[PDB]
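*Asks:* Take this structure first; my questions come after.
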Amino acid sequence: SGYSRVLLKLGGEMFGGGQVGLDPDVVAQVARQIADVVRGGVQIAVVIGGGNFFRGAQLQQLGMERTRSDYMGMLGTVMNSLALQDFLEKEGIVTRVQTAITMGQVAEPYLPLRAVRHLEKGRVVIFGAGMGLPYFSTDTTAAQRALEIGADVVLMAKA
Amino acid sequence: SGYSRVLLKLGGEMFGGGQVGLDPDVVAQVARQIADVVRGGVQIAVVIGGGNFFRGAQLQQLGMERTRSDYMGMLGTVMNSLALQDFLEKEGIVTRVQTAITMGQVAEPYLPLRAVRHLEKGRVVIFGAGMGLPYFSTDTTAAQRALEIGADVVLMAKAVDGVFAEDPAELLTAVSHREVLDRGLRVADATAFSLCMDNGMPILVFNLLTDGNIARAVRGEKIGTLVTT
Amino acid sequence: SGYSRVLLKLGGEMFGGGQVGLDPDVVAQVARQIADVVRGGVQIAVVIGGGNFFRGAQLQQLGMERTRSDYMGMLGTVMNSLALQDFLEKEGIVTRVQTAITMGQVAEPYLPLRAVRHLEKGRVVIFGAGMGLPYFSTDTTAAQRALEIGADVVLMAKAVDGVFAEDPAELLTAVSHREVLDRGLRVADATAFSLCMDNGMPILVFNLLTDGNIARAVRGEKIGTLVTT
Amino acid sequence: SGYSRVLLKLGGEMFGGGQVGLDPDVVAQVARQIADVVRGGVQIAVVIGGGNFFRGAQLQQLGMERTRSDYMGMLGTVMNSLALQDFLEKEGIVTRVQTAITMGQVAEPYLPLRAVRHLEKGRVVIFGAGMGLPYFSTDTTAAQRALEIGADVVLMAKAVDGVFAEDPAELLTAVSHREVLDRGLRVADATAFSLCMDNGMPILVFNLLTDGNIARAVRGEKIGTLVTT
Amino acid sequence: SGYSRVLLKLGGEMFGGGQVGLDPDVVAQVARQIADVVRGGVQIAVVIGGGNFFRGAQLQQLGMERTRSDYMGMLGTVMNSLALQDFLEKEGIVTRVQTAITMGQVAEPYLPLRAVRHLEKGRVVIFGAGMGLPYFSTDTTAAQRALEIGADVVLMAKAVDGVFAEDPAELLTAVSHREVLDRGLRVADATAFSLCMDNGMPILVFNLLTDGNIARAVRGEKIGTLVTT
Amino acid sequence: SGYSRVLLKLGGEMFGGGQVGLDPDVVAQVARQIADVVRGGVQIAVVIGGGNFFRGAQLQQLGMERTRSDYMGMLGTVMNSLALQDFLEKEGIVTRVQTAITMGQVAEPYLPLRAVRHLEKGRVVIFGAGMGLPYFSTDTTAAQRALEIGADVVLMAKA
Ligand SMILES: O=c1ccn([C@@H]2O[C@H](COP(=O)(O)OP(=O)(O)OP(=O)(O)O)[C@@H](O)[C@H]2O)c(=O)[nH]1
Ligand SMILES: O=c1ccn([C@@H]2O[C@H](COP(=O)(O)OP(=O)(O)OP(=O)(O)O)[C@@H](O)[C@H]2O)c(=O)[nH]1
Ligand SMILES: O=c1ccn([C@@H]2O[C@H](COP(=O)(O)OP(=O)(O)OP(=O)(O)O)[C@@H](O)[C@H]2O)c(=O)[nH]1
Ligand SMILES: O=c1ccn([C@@H]2O[C@H](COP(=O)(O)OP(=O)(O)OP(=O)(O)O)[C@@H](O)[C@H]2O)c(=O)[nH]1
Ligand SMILES: O=c1ccn([C@@H]2O[C@H](COP(=O)(O)OP(=O)(O)O)[C@@H](O)[C@H]2O)c(=O)[nH]1
Ligand SMILES: O=c1ccn([C@@H]2O[C@H](COP(=O)(O)OP(=O)(O)O)[C@@H](O)[C@H]2O)c(=O)[nH]1
Ligand SMILES: O=c1ccn([C@@H]2O[C@H](COP(=O)(O)OP(=O)(O)O)[C@@H](O)[C@H]2O)c(=O)[nH]1
Ligand SMILES: O=c1ccn([C@@H]2O[C@H](COP(=O)(O)OP(=O)(O)O)[C@@H](O)[C@H]2O)c(=O)[nH]1
Ligand SMILES: O=c1ccn([C@@H]2O[C@H](COP(=O)(O)OP(=O)(O)O)[C@@H](O)[C@H]2O)c(=O)[nH]1
Ligand SMILES: O=c1ccn([C@@H]2O[C@H](COP(=O)(O)OP(=O)(O)O)[C@@H](O)[C@H]2O)c(=O)[nH]1
């Protein structure tokens, strides 16, 4: 019955609604759901994707380098992470965004010990930038994060 | 007559085609123009915008916080910078991308002296992430970067052939910063234009889409609008 | 009532006493004032200026390059920041120094989220190196830092009792940004004032040297000049 | 005959003229001397001091913490390094500035192999921030840098004509490290002199202000004091 | 009576057992001693040596260049630091390793303020790569690090119970720096001892192998040799 | 007949002679051989190991972390690279040492374009620090370097 540590897999559709970009309504309602579950006394780590901006397969079909395409996708994931952080902060929630790409001015570097400390402090963890390396999927990143931070359950958003 | 160091300011429309996202054809033609002007033998620093992804004021009035909105806009600027770098390097042009927000795995940090050296080595110096500070714009980013790298001119690449007396109109040719302020034209943002006028930096608003326009402007042909002093 | 988050702005006079170098007495006075304000329970970010060492415009007038002059001025700001950190640690106040120019061994890189967390934890957050870019100034640095951290007010520390109608003879009390622009008053430079007006950050110009003035201003007493929206 | 690789050592007097701050005339004289030496075909690494701004020992005597005082002094050395770089670029000499404290935007991190390569390529290699560690001094910095890059001589630039037997009255010509230690002469501080003696690096103390003295010393003429093995 | 901040200098013998390489048992017992003294409630910075791998003077007299010899020695120091960190963390002790030679993937860079914060957080601050500069030793590295982090004492961990009047002899108890210089004892290298004496840093030479010796020295029990002033 | 770009795989035995440490005689004679082949008009990239100092299997058997053990091994490889660079410089050869671990004060970061430029300039390339990541072998690093820098032949030293 229930869980204590949940990793929520959010995709670009959860931030775009099908259209390319950012739709404040969908992100606001998913932030409301996360607020409900976190006030229900659960620890939440949300791993965020960037399909609403870019995908490596589509950029390779357009004819760009795989490494550059994956870095652009990770940047899109970080943008979605910032948007979700803002919408969660609008509901009185303390959130910590960790990016696998070291961008200190934007967020904090990925550290599983810091992440589990934040989870134990009640803060909502937001894993962006994927795994920080090319040739990876956000589902693989979600599995790795769940295995590392000891998340007892993984739940994927659906449309 | 002629500019050796140009700072090409490319707004988000130059990557999105007026829409939201990335347009491969517009980026390809911009890359072709940049490659032509590089093979002409010019030192070019390209300041990227992110209006095709996000704007801080727009997101703030939508409801989001200005700081995170600005950081999302700067990340979109970095994405556009990466796209332009890929398209330029698809044509044999050596490009170095520098971001004012330190992201080592993505691009080298902002080193102005190394950027000047890259320019002297015949490389296109792409400037992303703006100035790395919220409550600012890519226009003042372009002004500051052009002033620091000692650029000869700031080439504002727009979809129109130049600035007009009133939005649809007469297309002006050569104006001054004081005249622009008096007439209330639209060359750049308030802070950007204030800095550019205080430091006496020549601006050249021109239509980049017309083939060879950037080459003519660099060679010194009287096209577009020249805001000088 | 009163301001919970203040961004103090200290100029080179607050570290040089009107001369070139460093006067320990003035820095000790500033440290005592900031210490009692912190003991009052206020979140405070200070922004340091380096006019007591170098001004980029003056060095450019002398003949040096503007970019190098600006970097020398920013290094002077970092030096004054370290001096203030020392004098504040003498008073048992925990301080965190952040420099816009990344120098990890000397201080930590500018991280606004870390700065606001340090403000929450009762630490004085000192800002050196300005904004890290040439052609700007510490007034623009103060405005941008206050906007980004979310500071309630910007406290301009001066040696005089606020903004006057005519520099030497009337002492103003409360005005607006538009009123200051119309009357041609001097609060900050053009870029900083434009940014502050566009974002509506309240400014309080007051004499820090007089004992208790900063505490009174934080509590909300009517002292100096209050430039509001 | 003569020295091919020299490590010039400039103190705060060479940038302040005996006062606090920066005197452009003395820096211009130093730049002219270094420029003509480089035009002579010599590899030169300069090491900058910051006594014209701050001394850690004096600040500790005043009451500040020694570590922070030393970091302020190193930042002052970096500022003087930037001033010298500007004045050398005014003379058309290519310079590379390396700071022991990593500040990538201002200069490049201290890389000895890069420094010797820059020396090979005809660039003056300027060293700021000392050795990057507190409690040391620019004399120790000069000794260590000369040992590491492989400089043939260490040229101590002073305002007097070399080392004297008694500070104000005899002017020495050539001595050894042991002779200097026995007679109690002043060339460098204890740590730098100990390191130099243990490694046998030749020292030449001479007046840089007099025109052509550094060129004569590089060619091999007998001027100033030569402390050899 | 008692030291709160200790800088434990561990020579290469403490990792090699007198041989060349790494001895797991000696490192394990050193880690046990450090863990005991940490659980005693002390702030400890451990400066590592690399004599069990290489010495610059030895390689120079063998024929290799001094600079590369010193860099190999510093890399061996970093390897010993990593081994000590692993053995300490095998016992539940939180250790932070800092190297004066920037190697991000191996260890965090040398940040003295962050190291002091780690000490205040009850973490063992390991110092590797010496001071990152050739023509220096881990003894002067230890002296400089202890002076900068404001350590209470420098604990020289040797295989003997203290310094003697002559190598095999009377074991001294409490001496001064001047007395050590006059008697020609062996506490540290020339430069290291000069710096330590000039800055008045207390040294404590003791046998680390004897269980509880470090704990007794920290608590203030009169063991080993205390070089004070 | 002959080659133009040769990748020489050197192991810790080539620097120790069986004993733990550094033996100047073996490294001096291998430097003499490299001098002969480079004056014969060949481009040489030498990938160096660190078995003379440490091995991941031995350190794991002793009971240390795999990541730390591999970093110590890479540091040993860098030390061997510095020794070989010194002994090659003793014979009037320009050598460039590239380490996969970014240690700017010691050497230059690994860049295949810079490496091939140095090879075309006649300088001898010295690949140390392996591939910069744990769980890799120096033979795997040699294969990767040969495939990247376009080395036409790979030759492994033998005892
Ligand atoms: O971190 C850094 C690196 C480099 N720089 C600055 O970059 C400029 C050159 O950056 P380079 O690395 O191009 O030096 P270089 O000109 O010597 O290049 P080569 O001759 O080897 O082709 C130099 O002026 C240096 O100070 C920095 O300011 N910071
Ligand atoms: O490099 C960094 C580190 C941290 N941060 C951001 O700074 C803010 C505070 O980072 P702190 O580490 O100062 O506070 P913390 O609450 O995150 O940890 P505790 O104090 O509870 O131990 C956090 O929101 C973090 O994401 C960065 O932006 N960059
Ligand atoms: O980060 C670095 C880069 C370079 N170096 C070392 O600096 C020395 C010179 O590095 P340079 O790049 O200045 O000279 P180069 O000869 O290596 O390249 P060209 O000038 O031929 O273009 C080389 O020996 C390199 O290994 C470092 O130690 N660290
Ligand atoms: O790059 C850096 C990072 C940190 N520092 C210096 O490290 C010291 C503390 O380093 P911390 O990162 O521990 O700051 P903190 O004390 O706020 O840690 P928490 O409260 O979040 O646990 C601060 O004094 C900072 O200036 C640097 O000097 N440079
Ligand atoms: O560790 C990671 C995380 C993300 N990505 C790239 O990020 C882009 C967008 O992420 P995804 O396609 O996984 O987003 P979703 O489909 O979950 O919205 C893709 O090109 C991925 O290759 C990557 O390469 N490595
Ligand atoms: O230095 C900078 C550059 C960009 N931005 C943010 O990124 C967005 C995109 O920049 P701009 O709007 O200047 O791009 P354009 O529409 O000219 O392409 C801006 O709205 C800001 O919110 C910023 O905050 N600081
Ligand atoms: O972002 C910044 C902030 C400051 N400065 C330099 O800082 C020096 C002194 O700062 P200011 O003139 O703002 O100091 P004040 O007059 O307030 O003492 C000037 O040379 C500026 O160029 C700079 O270059 N960039
Ligand atoms: O490695 C170094 C070199 C210099 N300095 C500081 O630099 C300042 C001025 O340097 P010096 O006293 O060597 O200058 P000079 O007397 O030669 O002008 C002093 O406060 C030193 O502490 C330092 O801390 N570490
Ligand atoms: O700051 C430092 C520390 C170490 N080393 C080199 O590393 C070797 C090992 O250090 P030491 O000889 O001081 O170690 P111990 O024998 O005391 O363990 C020295 O010989 C030097 O060549 C160096 O050059 N500078
Ligand atoms: O890319 C690399 C290169 C080396 N190593 C480690 O380096 C150590 C010594 O290297 P090796 O054992 O490959 O040396 P050799 O047997 O060639 O002398 C081993 O523990 C390897 O795991 C590693 O982990 N990754």
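Chains as they are written, first to last, in the working numbering: chain A, 1 to 159; chain B, 1001 to 1229; chain C, 2001 to 2229; chain D, 3001 to 3229; chain E, 4001 to 4229; chain F, 5001 to 5159.
The beta-carbon is built from N, C-alpha and C at its ideal position, and this holds for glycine as well.
Please report how far the alpha carbon of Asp-1182 (chain B) lies from the alpha carbon of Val-1175 (chain B), in whole angstroms.
*Replies:* Those two C-alpha atoms are separated by around 11 Å.
*Asks:* For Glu-4148 (chain E), return the contacting residues in chain D, with the cut-off set at a CB-CB distance below 8 Å.
*Replies:* The contacting residues are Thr-3067, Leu-3133, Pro-3134, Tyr-3135.
*Asks:* Cβ closer than 8 Å: which chain D residues qualify as neighbours of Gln-5105 (chain F)?
*Replies:* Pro-3109, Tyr-3110, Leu-3111, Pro-3112, listed in chain order.
*Asks:* Please classify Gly-49 (chain A): does DSSP put it in a helix, a strand, or coil?
*Replies:* Reduced to three states, the DSSP call for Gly-49 (chain A) is coil.
*Asks:* Residues of the segment 2175 to 2190 of chain C in Cβ contact with chain I at a cutoff of 7 Å, in chain order, please.
*Replies:* Judged by its chain identifiers, the structure shown contains no chain I, and its protein chains are A, B, C, D, E and F.
*Asks:* Just to confirm, are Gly-1012 (chain B) and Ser-1081 (chain B) a CB contact at a threshold of 8 Å?
*Replies:* No; because the gap between Cβ atoms is not below 8 Å, this pair is not in contact.
*Asks:* Which whole runs of the beta strand (DSSP E) in the segment 4106 to 4150 of chain E are 3 residues long or more, in chain order?
*Replies:* Whole beta strand (DSSP E) segments, 3+ residues: 4124 to 4128.
*Asks:* Can you list, in chain order, the residues of its chain whose CB lies under 6 Å from that of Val-2094 (chain C), leaving out five sequence neighbours each side?
*Replies:* For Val-2094 (chain C), where only same-chain residues beyond five positions count, the Cβ hits under 6 Å are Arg-2123.
*Asks:* Does the beta-carbon of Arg-5055 (chain F), which I'm using as the reference point, lie nearer than 7 Å to any heavy atom of ligand 10?
*Replies:* At least one heavy atom of ligand 10 is nearer than 7 Å to the Cβ of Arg-5055 (chain F), so yes.
*Asks:* Express the C-alpha separation of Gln-1029 (chain B) and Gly-50 (chain A) in angstroms, rounding to a whole number.
*Replies:* The alpha-carbon atoms of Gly-50 (chain A) and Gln-1029 (chain B) are separated by roughly 26 Å.
*Asks:* Tell me whether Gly-3104 (chain D), by its Cβ, gets closer than 7 Å to a heavy atom of ligand 1.
*Replies:* Result yes, Cβ under 7 Å from ligand 1.
*Asks:* What separation, rounded to the nearest whole angstrom, lies between the Cα atoms of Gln-1105 (chain B) and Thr-1141 (chain B)?
*Replies:* Distance between the alpha carbons of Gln-1105 (chain B) and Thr-1141 (chain B): 23 Å.
*Asks:* Between the beta-carbon of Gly-4016 (chain E) and the beta-carbon of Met-5079 (chain F), is there less than 8 Å?
*Replies:* Their beta carbons are not under 8 Å apart, which means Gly-4016 (chain E) does not touch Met-5079 (chain F) by this criterion.
*Asks:* CB-CB under 7 Å to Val-2037 (chain C), same chain, minus the five flanking residues each way: which ones, in chain order?
*Replies:* Around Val-2037 (chain C): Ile-2044, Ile-2214, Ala-2215, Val-2218.
*Asks:* Am I right that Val-5097 (chain F) and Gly-5150 (chain F) are in contact with their C-beta atoms under 8 Å? What's the rounded C-beta distance?
*Replies:* Not quite, the Cβ-Cβ distance comes to about 20 Å (not below 8 Å), so this is no contact.
*Asks:* Using the three-state DSSP reduction, which class does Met-3156 (chain D) fall into: helix, strand or coil?
*Replies:* Strand, per DSSP.
*Asks:* Kindly examine ligand 3 and report whether one of its heavy atoms sits closer than 7 Å to the Cβ of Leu-3113 (chain D).
*Replies:* Correct: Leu-3113 (chain D) has its Cβ closer than 7 Å to ligand 3.
*Asks:* Does DSSP put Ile-3214 (chain D) in a helix, in a strand, or in coil?
*Replies:* In the structure shown, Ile-3214 (chain D) sits in a helix (DSSP, three-state: H, G or I).
*Asks:* Among all the DSSP beta bridges, which residues are the ones paired with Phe-3164 (chain D)?
*Replies:* Note: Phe-3164 (chain D) sits in a beta bridge opposite D:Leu-3171.
*Asks:* Name the two residues that bound the continuous beta strand (DSSP E) containing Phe-3206 (chain D).
*Replies:* Element bounds for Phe-3206 (chain D): 3203 to 3207.
*Asks:* Going by DSSP, name the residue or residues bridged to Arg-96 (chain A).
*Replies:* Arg-96 (chain A) pairs with A:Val-125.
*Asks:* What residues are listed by DSSP as bridge partners for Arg-3005 (chain D)?
*Replies:* Per DSSP, D:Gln-3043.
*Asks:* Relative to the C-alpha of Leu-4155 (chain E), which candidate in E:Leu-4007, E:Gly-4002, E:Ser-4001, E:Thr-4229 has its C-alpha closest?
*Replies:* If we check each option's Cα against that of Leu-4155 (chain E), E:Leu-4007 comes out closest.
*Asks:* Answer with yes or no whether the minimum CB distance from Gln-2085 (chain C) to chain D is below 8 Å.
*Replies:* Yes, contact with chain D.
*Asks:* Quick check on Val-5020 (chain F): does DSSP put it in helix, strand or coil?
*Replies:* Note: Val-5020 (chain F) maps to coil in three-state DSSP.
*Asks:* Enumerated in chain order, which unbroken segments of the beta strand (DSSP E) with a length of 3 residues or greater are wholly contained in the segment 1054 to 1089 of chain B?
*Replies:* The segment 1054 to 1089 of chain B contains no whole beta strand (DSSP E) run of 3 or more residues.
*Asks:* For residue 1943 (chain C), collect the residues of the same chain with a Cβ closer than 6 Å to its Cβ; drop the 5 residues on either side in sequence, then sort them by chain order.
*Replies:* A question about residue 1943 (chain C) goes unanswered here, because the residues of chain C that appear run from 2001 up to 2229.
*Asks:* In chain E, which residues lie less than 8 Å from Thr-5095 (chain F) when you measure between Cβ atoms?
*Replies:* Those within 8 Å of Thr-5095 (chain F) in chain E number zero; the least Cβ separation is about 11 Å.
*Asks:* Given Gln-2033 (chain C), which residues of its chain have a CB within under 7 Å of its CB, disregarding the five upstream and five downstream residues?
*Replies:* These residues qualify, in order along the chain: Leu-2208, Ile-2214.
*Asks:* Judging by CA-CA distance, which residue of F:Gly-5041, F:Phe-5053, F:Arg-5114, F:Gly-5021 is the nearest neighbour of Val-5125 (chain F)?
*Replies:* Checked all of F:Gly-5041, F:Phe-5053, F:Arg-5114, F:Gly-5021; the closest Cα to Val-5125 (chain F) is F:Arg-5114.
*Asks:* How would you write the range of the alpha helix (DSSP H) that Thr-4229 (chain E) sits in, first residue to last?
*Replies:* Careful: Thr-4229 (chain E) lies outside any alpha helix (DSSP H) and carries neither H nor E.
*Asks:* Could you list which residues in chain C have their beta carbon closer than 7 Å to that of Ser-1004 (chain B), in chain order?
*Replies:* Those do not exist, as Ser-1004 (chain B) stays about 18 Å from chain C at its closest Cβ, beyond 7 Å.
*Asks:* Applying a beta-carbon distance threshold of less than 7 Å, which residues of chain A neighbour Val-1125 (chain B)?
*Replies:* Within chain A, no residue comes near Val-1125 (chain B); the closest Cβ sits about 17 Å away, beyond 7 Å.
*Asks:* Below 8 Å CB to CB, which residues in the same chain sit around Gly-1220 (chain B) once its five sequence neighbours on both sides are set aside?
*Replies:* Taken in chain order, the residues that qualify are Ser-1001, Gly-1002, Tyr-1003.
*Asks:* For ligand 4, I want to know if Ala-3151 (chain D) counts as a neighbour, meaning its beta carbon is within less than 7 Å of at least one of the ligand's heavy atoms.
*Replies:* No, the beta carbon of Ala-3151 (chain D) sits no closer than 7 Å to any heavy atom of ligand 4.
*Asks:* Considering only residues of the same chain and omitting the five flanking positions on each side of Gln-3060 (chain D), which have a CB-CB separation below 8 Å?
*Replies:* Around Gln-3060 (chain D): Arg-3066, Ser-3069.
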